[PDB]
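# Tertiary structure, described
Read off the chains here:
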Amino acid sequence: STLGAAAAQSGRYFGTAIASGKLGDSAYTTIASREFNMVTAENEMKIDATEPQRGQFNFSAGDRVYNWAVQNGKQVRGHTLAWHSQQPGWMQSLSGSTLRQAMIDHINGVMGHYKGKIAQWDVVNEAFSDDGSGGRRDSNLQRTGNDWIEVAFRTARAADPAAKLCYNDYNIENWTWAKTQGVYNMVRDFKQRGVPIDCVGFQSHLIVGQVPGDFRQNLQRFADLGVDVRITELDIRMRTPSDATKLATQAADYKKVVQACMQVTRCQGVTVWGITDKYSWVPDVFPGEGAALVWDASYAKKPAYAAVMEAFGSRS
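Residues numbered from 1 in each chain as written, not as in the entry; some residues may be left out. Heavy atoms only, no water.

- Per the deposited record, determination of this structure is attributed to X-ray crystallography, with the resolution reported as 2.20 Å.

## Things to note about helix 8 (residues 178-193)
- Look at helix 8: 23 Å from first C-alpha to last across 16 residues, which is about the 22 Å you get at 1.5 Å a residue.
- Those residues of helix 8 that fall on the buried side of the exposure criterion are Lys-179, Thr-180, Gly-182, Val-183, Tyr-184, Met-186, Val-187 and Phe-190.
- Buried residues in helix 8 make contact with helix 7 (148-159), strand 5 (164-169), strand 6 (199-202) and helix 9 (215-223).
- Directly beyond the C-terminal end of helix 8, a positive phi value near 90° is found at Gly-194. (Helix = DSSP H or I, 4+ residues; strand = E, 2+ residues; numbered from the N terminus. Expected span 1.5 Å × (residues − 1). Buried < 20%, exposed > 50% of the residue type's maximum accessible area, 1.4 Å probe, protein only. Contact = heavy atoms within 4.5 Å.)

## Quick word on unusual backbone geometry
- Here the bond from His-79 into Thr-80 is cis, since omega is 0°, no more than 30 degrees from zero.
- Mapped onto the elements, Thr-80 comes out in strand 3 (residues 75-83).
- Residue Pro-241 is reached from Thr-240 by a cis peptide bond, and omega for that bond is 0°.
- Tracing the backbone shows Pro-241 in the loop between strand 8 (228-239) and helix 10 (244-262).

## Observations concerning the packing of aromatic side chains
- Throughout the structure, instances matching the rule amount to 15 aromatic pairs.
- Taken together, a centroid distance of 5.9 Å and an interplanar angle of 5° make the contact between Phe-57 and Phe-59 stacked.
- In this structure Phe-57 comes out as partly exposed when scored by relative accessible area, which is 29%.
- Judged by relative accessible area, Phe-59 falls into the buried class, the value being 12%. (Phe/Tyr/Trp six-rings, centres within 6.5 Å; stacked < 30°, edge-to-face > 60°.)

## Some words on the side chain of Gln-120
- The residue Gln-120 is located in strand 4 (residues 120-125) in this model.
- In this structure the side chain of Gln-120 is engaged in a polar contact, spanning 2.8 Å, whose partner is the side chain of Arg-77.
- Other than its neighbours up to four places away in sequence, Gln-120 contacts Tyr-13, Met-38, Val-76, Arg-77, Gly-78, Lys-164, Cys-166 and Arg-230. (Polar contact = N/O pair within 3.5 Å; in protein donor to acceptor, adjacent residues only side chain to side chain.)

## A short note on the environment of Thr-271
- Here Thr-271 is to be found in strand 9 (residues 267-272).
- With a relative accessible area of 0%, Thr-271 lands in the buried category.
- Through-space distance from the C-alpha of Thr-271 to that of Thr-232 is 4.7 Å; in sequence the pair is 39 residues apart.
- Setting aside residues no more than four positions away along its own chain, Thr-271 makes contact with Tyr-13, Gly-15, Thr-16, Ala-17, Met-38, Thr-40, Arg-77, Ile-231, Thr-232, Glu-233 and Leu-234.

## A short note on the packing of helix 7 against helix 8
- At a minimum axis distance of 12 Å, the contact between helix 7 and helix 8 shows a crossing angle of 50°. Classified by the angle their axes make, helix 7 and helix 8 are oblique. For the element pair helix 7 and helix 8, the recorded crossing hand is right-handed. Residue-level inspection shows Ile-149, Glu-150, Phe-153 and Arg-154 of helix 7 in contact with helix 8, the latter providing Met-186, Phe-190 and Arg-193.
- In the contact of helix 7 with helix 8, the residues fall into 4 nonpolar, no polar and 3 charged. (Axes fitted to C-alpha atoms, helices over the stretch in contact; angles between N-to-C directions. Parallel < 35°, antiparallel > 145°, perpendicular 65-115°, else oblique. Left-handed = near helix turned anticlockwise from the far one by under 90°. Nonpolar A, V, L, I, M, F, W, Y, C, P; charged D, E, K, R; others polar.)

Below is the structure:
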């Protein structure tokens with residue numbers, strides 16, 4: 001009778017991003033423990049949250065989410081080890097070999113701490129540009145060398161040989177996009193040379209009524225590379241206010257995305273980025289847009305809920 005349980009029927013999972021700060025919200029926690037069987041810390045395990053000062057790791061917030069998740073019979077997705085965004089001030093200032101080393105020490109430290117606790121990590125996040133060239137994003141990390149990604153994955157594997165290592169990114173859900181091609185070729189290259197990479201995370205921060213038509217095919221192509229694929233931060237935004245028609249379309253979009261995963265044997269699961277629309281990051285990064293999740297601001301199930309349930313238990 002829950003989404004996680006429905007997903008479980010086919011050996012898949014349905015997860016969400018958990019914000020420790022909201023673990024006090026009874027309505028929030030109620031849905032959190034019942035509906036999902038997979039958890040991603042929304043912010044608690046990022047670079048700035050885990051290593052505030054170089055060499056000075058603080059896993060308080062992260063462990064808060066991990067314990068809660070475990071206490072509630074849920075697995076946890078590690079997010080994230082290397083990223084240009086949300087870096088602590090000390091790291092932002094670093095560059096060159098020092099940054100490279102700081103990146104490496106960070107991976108070891110964080111993974112050393114969760115070794116045996118968290119089995120999958122979004123090692124590198126959003127390394128490709130959105131400029132339309134399909135090339136790497138020009139970040140302080142990228143400037144340390146084009147090989148920083150590979151190094152991050154090799155480091156992660158060495159730190160914990162049992163963790164599934166994922167590359168995570170957005171705007172790579174459509175095969176015709178430059179960005180998607182850029183990511184595909186990297187992964188393909190990684191698989192050819194033996195670089196440690198087990199999965200590709202498709203953030204899937206989509207637009208209502210504009211879900212890539214080849215979403216399933218694209219997922220399959222990546223899976224054919226020999227890596228698992230996962231929808232890691234699903235939310236389908238619309239221009240607010242929401243209305244019956246937009247909500248219905250959203251329901252259909254949600255079913256398409258989940259159904260696409262159901263048709264790709266290597267698609268391990270779907271994680272929606274949040275529980276209720278009232279705590280969604282969407283309105284902040286995309287002004288005028290929102291109502292992207294399965295529960296509205298009043299914690300009421302949206303039409304998408306039944307669509308997701310339907311997508312997991314049947315095929316059109």
